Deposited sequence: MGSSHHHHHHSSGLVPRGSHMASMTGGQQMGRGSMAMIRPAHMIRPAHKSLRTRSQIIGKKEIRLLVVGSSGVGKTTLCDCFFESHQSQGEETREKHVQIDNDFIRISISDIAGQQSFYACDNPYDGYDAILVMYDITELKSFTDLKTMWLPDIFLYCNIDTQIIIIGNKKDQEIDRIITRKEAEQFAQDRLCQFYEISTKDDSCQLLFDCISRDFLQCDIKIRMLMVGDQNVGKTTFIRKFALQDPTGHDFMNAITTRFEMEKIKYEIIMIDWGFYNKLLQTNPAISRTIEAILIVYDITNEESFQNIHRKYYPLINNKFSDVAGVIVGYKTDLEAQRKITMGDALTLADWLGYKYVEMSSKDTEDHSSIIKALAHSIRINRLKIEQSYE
């Protein structure tokens, strides 16, 4: 149901061999060629994912995957979307000039996925499920930023990592939450600034923001282009004895989250409710 794909890459390897590797006998096929002129193109920017293929044994594939291919159709595609990066060949593995470590690190630091494939046998097909699974397991994904600092940010999840997470950058994915089967991803503060070393104006991809507050926070700073870049969108500040001047006053930023907060063995309420009814708040909006 609702499945249309696209496959991009250099003329070295574009989308071809997967036609002969389809061997069909969901997730229709191919395309990326013929069609025309921003008709089927930005319609393909309406449906799910796209595949970035590069022949490993030659570098210019990867080089102009970085400088040429990504930025055009990256910001063109919808918020969920994004791309899967795939090295080709790799059955040979000998003449291979690209270690997948640098590739995958560039990818996950572009927040984009990564895989390599032998399309001669096995692993090729073994990619498709690893796509469709996420497509079938998750109906809708949302991307959101967590800004803040110090202790309280250190406190507030899926229990992943620890107050020592993975050094200076990572992303955190959380399973589960009306039979939606959707998904959401939370992101480090400095990581937002880190991937616009790669892609700026990626603030289109974040449908929601989250802020944390401790006994001393001015918080007039992280909100510069937390204001300017996302603009209207959706927003929340969640941070028992709260301090309500700031609640009434310090949101001129408007947004939801009246300064919700919890600390207790009851802290379930906090993360659960906050991440949930906000999602239901986002979904109905839509509007392109």
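Several segments of the deposited sequence are absent from the coordinates, namely 1-60, 86-106, 238-240, 262, 325-328, 378-391.
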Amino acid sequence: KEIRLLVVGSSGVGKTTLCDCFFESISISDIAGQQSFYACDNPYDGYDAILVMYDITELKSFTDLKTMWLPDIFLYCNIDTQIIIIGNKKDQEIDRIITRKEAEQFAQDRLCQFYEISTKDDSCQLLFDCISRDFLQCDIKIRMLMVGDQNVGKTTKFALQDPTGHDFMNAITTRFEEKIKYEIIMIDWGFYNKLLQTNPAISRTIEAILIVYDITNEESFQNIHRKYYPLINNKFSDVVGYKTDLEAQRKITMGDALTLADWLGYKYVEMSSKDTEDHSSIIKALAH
From here on, numbers count along this sequence of modelled residues.
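When the two stretches 34-42 and 241-249 are set side by side, the higher mean Cα temperature factor goes to 34-42. As listed in the deposited structure, the average C-alpha B-factor of 168-176 and of 87-95 is greater for 168-176.
Note on the listed residues 200, 163, 71, 148: the highest Cα temperature factor in the record is that of 163. Residue 223: CA B factor in the middle third of modelled residues in this chain (values from the PDB entry). When all modelled residues of the chain are sorted by CA temperature factor, residue 79 is found within the highest third. Sort the modelled residues of the chain by CA B factor and residue 121 lands in the middle third. Placement of the Cα temperature factor of residue 1 within the chain: lowest third of the modelled residues, per the deposited record. The PDB entry assigns residue 257 a C-alpha temperature factor belonging to the middle third of its chain's modelled residues.
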